[PDB]
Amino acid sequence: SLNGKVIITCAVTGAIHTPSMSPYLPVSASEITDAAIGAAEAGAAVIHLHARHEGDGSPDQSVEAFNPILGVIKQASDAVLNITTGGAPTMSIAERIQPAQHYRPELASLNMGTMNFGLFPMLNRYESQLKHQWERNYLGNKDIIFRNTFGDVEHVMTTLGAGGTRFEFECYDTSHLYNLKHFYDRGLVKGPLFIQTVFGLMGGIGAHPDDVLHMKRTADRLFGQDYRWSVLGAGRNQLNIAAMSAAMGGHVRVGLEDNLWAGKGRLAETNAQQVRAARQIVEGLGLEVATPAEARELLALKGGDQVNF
């Protein structure tokens, strides 16, 4: 019965885009919860969550920052809440791990390799618009290392896994799939693996169709039937890559964390706006958007009532 069900994840704000880039980027806790609830009611079964300082909008990966967010969304929606362990790519593991460790979510992101994270491409378009000094230092930083060593990843699996949390394994290139294979063969994570292949980041693999098929092909060969595929296309590749995945039996992620645009010369005003576009592609293919309960079964999650919020 779960055949032909597509899971839409909506990543509502993230840590990469900054407030000066768009007035529609959710910053406050109430903006983030409204964006999440609106996206779930449009058909997002999973909400991927970051938090921000309400003062200047900078990334906030503290336990307290999620307190006015998680419980509010849960009361209003049964969507699966996916808490970031990535935060801002400049953060340490000790900092990034605390929210998921405390709240024991059904799902948490797990980044699978250390990589350069380049943001200066966003300086070409946005430098003159930046209003906060932290935005200038952040996007100008040519030395960002998004740290996820083999020791880090093993520690996160062990720590968060004890609380029943399952992972969205974020894979930005082929090597991250091989890294995941290493832990999968050691039995440190069990199937079905929720593998998200991320396309178009500076420091990661590109967004060419060859890149998509290569990651899909590699995942197929390394993990067979024991994984569920999701994709993330950055910027204007968002909907193109979501459609490829939906057409190939995979799942999709949209959201203002990854793309600020709704069309040509047009910024996206809400996260739900992007969920509806993906949903239109899903239903045009003759498929159906998965409910949260259907996502929990496809991904083997512990249930929205087994969390600490």
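Numbering starts at 1 and follows the sequence shown.
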query: Given 199-207 and 125-133, the range whose Cα B-factors average higher in the PDB entry; finding: 125-133
query: Stretch with the greater mean C-alpha B-factor as recorded in the entry, comparing 167-175 against 187-195; finding: 187-195
query: C-alpha B-factor winner, where the candidates are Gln75, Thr218, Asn148, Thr84; finding: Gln75
query: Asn240, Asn271, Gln280, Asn67, ranked by C-alpha B-factor: the highest one; finding: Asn67
query: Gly249 by Cα B-factor - lowest, middle or highest third of the modelled chain; finding: lowest
query: Third of chain Cα B-factors occupied by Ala29; finding: highest
query: Ranked against its chain, the third holding the CA B-factor of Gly38; finding: middle
query: Record-listed C-alpha B factor of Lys264: chain third; finding: highest
query: Third of chain Cα B-factors occupied by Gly140; finding: highest
